[PDB]
Structures are given as structure tokens and as C-alpha cells.
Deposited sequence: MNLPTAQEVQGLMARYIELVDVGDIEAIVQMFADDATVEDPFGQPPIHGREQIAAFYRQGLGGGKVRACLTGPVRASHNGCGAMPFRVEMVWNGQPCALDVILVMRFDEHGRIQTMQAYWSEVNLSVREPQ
């Protein structure tokens, strides 16, 4: 709980913005110190800011990202949003369609994050 539906809308919209510019440390800061990330969902959860920062640094360490639909928020501090990421793999432009689901804590920080996507969502 804590963040209202509107606040969730704002936090998740900002996440996309941070990912887009690639500000790794600002992204990490949005996460609870002990948050867990599953990206893609189905893979082992990654625990803690050190591990999360290493994760984003690997992926974002050249990439554009934008919402492709509005954020769907709840009244219990959770939300979901659809988005697309554009990256350059092997010097070639690729697109990845994803849907992120997040649960925030009483301090407005991301406690849980789950990114839904597979190969079928990747394209050029």
C-alpha cells in the first residue's frame, strides 16, 4: 500500500523514463533495498539493490523505452503497464514488447517487479 492509484501511475511512468535515459542508479533507487526482480518472469528472482543494479547495468549498460498503453493501477499499491524497448543487438535494431507488474511498499519503493515477455515478443 501507500502509493495511491495515481501515485502508482506516476511511479511506473517514471520507471519507463529512467529506463529510457538509462539512469541505472536512479532506477535502483526506485527499488526497495531488498526488492526482488523476475525479468523475464519464469526466471530465478534477483534479490537486493546490488544484484538489481548489476542486472540493469548488464542490460542498459543505446536503448529507448516508452509506454504503449496506460498504466493500470490498484488501490493496494500495485500496478501493471505495457511497454516496448528498442535496443541494438549485433548492431541491428530490435524491439521487445513487455508488460511489467509491480508491487510498491509503504515507502513508495518497488518491493516486487515482474516483467512478462518471451522470444515471441521480440522482433525487428
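- Not built in the structure, per the record, are deposited positions 1, 63 to 64, 128 to 131.
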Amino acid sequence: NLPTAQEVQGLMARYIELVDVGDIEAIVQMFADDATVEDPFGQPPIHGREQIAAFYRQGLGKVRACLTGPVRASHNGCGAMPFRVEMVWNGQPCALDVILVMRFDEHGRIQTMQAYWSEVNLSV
From here on, numbers count along this sequence of modelled residues.
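- Higher mean CA B-factor, judged across 2 to 10 and 113 to 121 from the recorded values: 2 to 10.
- Per-stretch averaging of Cα B factors for 24 to 32 and 80 to 88 places 80 to 88 on top.
- Note on the listed residues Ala54, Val37, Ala65, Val98: the highest Cα temperature factor in the record is that of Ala65.
- Ranked against the other modelled residues of its chain, the C-alpha B-factor of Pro70 as given in the entry falls in the lowest third.
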